[PDB]
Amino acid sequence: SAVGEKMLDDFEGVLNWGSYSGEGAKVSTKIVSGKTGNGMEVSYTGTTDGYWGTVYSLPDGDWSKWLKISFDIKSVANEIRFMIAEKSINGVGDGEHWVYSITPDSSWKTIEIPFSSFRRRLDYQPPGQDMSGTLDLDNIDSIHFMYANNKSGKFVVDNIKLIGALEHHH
């Protein structure tokens, strides 16, 4: 593993995130004040069968040198999911979905999730999933902030970054 970190989005540069929804649910995103400088506000309304999410599709899918994914989050409290999708076995589209549930609170908090802590999604898997039961870090398609339930809410994210190994002195 590599040491240190690699920033994916501090929201001070170009706009990278797209929105998607279906089956009654709705989502919208905008640039607002973040932890430092800019951040992205995600506003969602859920339905029983509805899905929503915001997605950054990655140009380079090889994350095999990294160990964790980190982000700052704050509510504007409803549970949501951070999701990592592998690349499809058919070449185009999303593959195996891997999830971690998080609940944004009133104050800014840093959430660091090791890749080994992600769980294989069971409510949905896309047709291009590899069914391997292992999160293949060398084959990453995209990252998502997405629905976990049928409820509504608003949150802000900032400082999305990869974390490698720490330099332990003892």
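Numbering starts at 1 and runs along the sequence shown.
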Counting only residues that lack coordinates, how big is the gap in the deposited sequence between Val76 and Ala77? Pick none, 1 to 3, 4 to 9 or 10 or more. 1 to 3
Higher-B stretch (mean Cα B-factor, as the entry records it), 101-109 or 136-144: 101-109
B-factor third for the C-alpha atom of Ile163 within its chain: lowest
According to the PDB entry, is the CA B factor of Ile80 in the bottom, middle or top third of its chain, that is, lowest, middle or highest? middle
Among the modelled residues of its chain, the C-alpha B-factor of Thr48 falls in the third labelled highest
Within-chain third of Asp130 by Cα B-factor, per the entry: middle
Once the chain's modelled residues are ordered by C-alpha B factor and cut into thirds, is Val27 in the lowest, middle or highest one? middle
